[PDB]
């Protein structure tokens, strides 16, 4: 039985491809999908972070929805300590990226009239007036409810729906006022204090970057974060504002736009054009749109991201049950596998690593499933279709990337080696989805850290000084890649690899491709 689902790889049709999937066809060692871990109480100690790295974590995510600057600064310090605890061995060292996830725009209710812990009950068909009057800020009850969104009246019409407490309660706008809305309770429940509010189908005019977000983005520039996950992006202008706040000092920080509501989906193309990558933020997205539609948006977005060559992250509740249990449900294994088959560059753990009981098991399981689904991709068709989608472009590096990936298919190369400094050459190789891993050797540490955003890039930091003879400097980096690959078990002596390098020191991309045996 061939490894890596290669029998299924040879199928003519997608049906026969599916039919040939073999549970006894062992995957390869290398795992191409990036794993993004939300760091929290369960995972922010240095020792646990070392174990997260060993288990497969590639990006550490700090959710600034909560936590002080001091707290997240400590977390980032602990991440970097754990990461550098491995730095003595350049051949085993794994770059770990650092991501800042902004709090973004939020709509919150007031305090329920009473002592605290108090609740009111909303019965279907009842009347509830929403009021912006700060006089009712702490006197919410069954008849009057205050929320912090001063402009809500301008963005809602009669009959539009208002969700409260993460969609648990739904309201329909019956009458509209200047500083109030009169609504009928469509779906009822018990309402507590300071709950989340969502406005499905509305063009929310809250600022793209709030005052807290500006402070947090400047903090992230100060802490040398590799990338920002920007919340509730509804339009390209929101990305532009985030970019302006990051400004010239943070020009190289990768901006990942989070798609979280209907407008972000409807305007997704302009957002994608303006972004460096995308996160499918399925939790809030499933509150804003019918949950049964989320997969449509997920697949659309991953497809379009794959088309543009831009990183896409699938996030939220992928292994939810592992917050409390050491093993995932069958639905969760299926969700991770199908996100990989969809084409997600990275998959994410939220509560599973922030606060749950089994963060390391969660990371390890995402790693195992990811390797299995990577082999099960139908690469020949995927490659043909990606090439068809990008055919209006005649970019020279895409030509080399496509030629190199084709060569890697034809001779079943064990890896592609890419010498890169901005990372773009490796990015363009990853875009055309080879099955073999991409060992990207770079002297730019931030390039290495950001590379985790691209499917299949295993970044290696070259710390050697520049060799005077360009050819010998190239051979140095290629041999670094050979040794890393041998140590990680991706290939051995006598295997075949594709090597992408620059012809001369002034070559602006890897314009040179070779089939080389491993020494």
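Numbering follows the first chain given and starts at 1.
Trainee: Between 453 to 461 and 65 to 73, point out the one with the higher average CA B-factor as the PDB entry records it.
Mentor: Per the deposited B-factors, the answer is 65 to 73.
Trainee: With respect to the recorded C-alpha B factors, which stretch has the higher mean value, 174 to 182 or 190 to 198?
Mentor: Averaged over C-alpha atoms, the B-factors run higher in 174 to 182.
Trainee: If I read the C-alpha B-factors straight from the PDB entry, which of 378, 146, 295, 409 is highest?
Mentor: Of 378, 146, 295, 409, 146 has the highest C-alpha B-factor.
Trainee: Between 349, 331, 440, 130, which carries the biggest CA temperature factor in the record?
Mentor: Result of the comparison over 349, 331, 440, 130: 130.
Trainee: Using the B-factor values recorded in the entry, state whether the Cα atom of residue 105 falls in the lowest, middle or highest third among the modelled residues of its chain.
Mentor: Highest third - that is where residue 105 ends up once the chain's C-alpha B-factors are sorted.
Trainee: Considering only modelled residues of the same chain, in which third does the CA B-factor of residue 216 rank: lowest, middle or highest?
Mentor: Tercile = highest for this residue's CA B-factor.
Trainee: Tell me, lowest, middle or highest third: where does the Cα B factor of residue 384 rank within its chain?
Mentor: Its C-alpha B-factor belongs to the lowest third of this chain's values.
Trainee: Could you tell me which third, lowest, middle or highest, the C-alpha B-factor of residue 493 occupies within its chain?
Mentor: It belongs to the highest third of the chain when residues are ordered by C-alpha B-factor.
Trainee: Quick check for you: using the entry's CA B-factors within this chain, is residue 512 in the lowest, middle or highest third?
Mentor: Lowest third - that is where residue 512 ends up once the chain's C-alpha B-factors are sorted.
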